[PDB]
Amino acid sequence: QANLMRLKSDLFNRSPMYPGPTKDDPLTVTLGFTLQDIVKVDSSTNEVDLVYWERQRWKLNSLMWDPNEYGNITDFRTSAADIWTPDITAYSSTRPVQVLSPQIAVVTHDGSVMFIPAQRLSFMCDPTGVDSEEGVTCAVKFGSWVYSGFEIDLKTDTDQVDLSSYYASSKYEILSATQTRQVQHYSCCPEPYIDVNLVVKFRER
């Protein structure tokens, strides 16, 4: 708490805050999902609720420091409201996402930030076939809402969704879960937008 108080002051109070990436200084955000449980399936309205962890990672020069000047501190924890965060969001949610975890990020001396919110999400899915052997497939896109591919690019560290914390006695079993970076060119806008596509095939019991 000696040099850690002095470090956080030198980063947040003295210096201004990141106003977000630009075309001249773009940013790459790494995205990884941890599927925990499929909680609800509404066939009357086509809604499916997921509980998942959202791994987000990015790096800013204006967060870097030299450990030898701050008690050999390599990393720290702080409120996610102390730093800038990307506007990563689902394209087809039907309700406001609810947050299940503390909003705290980890900041490392290279300027890399690690932020992993646990969330609950209702989204659009016709769940017809979930009670069959073949199951049913759903998909929901995640990406920046207002920044283009020239300002925020996405990447994944793997095409496989982490299922190592999927709830055992879940009403549903996961057949396949894949997260896949796409580059989307919409008819509305001259700039492309980049998303990671969370695709899940699943079935009952």
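The numbering used is simple: start at 1 and walk along the sequence shown.
Look at the C-alpha B-factors of 45-53 and of 158-166. On average they run higher in 158-166. Legend: mean Cα B-factor per stretch from the PDB entry, 103-111 versus 87-95; the higher mean is in 103-111.
Within the group 81, 121, 118, 73, the record's highest C-alpha temperature factor is found at 73.
The deposited CA B-factor of residue 32 belongs to the middle third of values across its chain. In the PDB entry, a CA B factor belonging to the lowest third of its chain's modelled residues is recorded for residue 181. Sort the modelled residues of the chain by CA B factor and residue 62 lands in the highest third.
Ranked against the other modelled residues of its chain, the C-alpha B-factor of residue 21 as given in the entry falls in the highest third.
When the modelled residues of the chain are ordered by C-alpha B-factor, residue 68 sits in the highest third.
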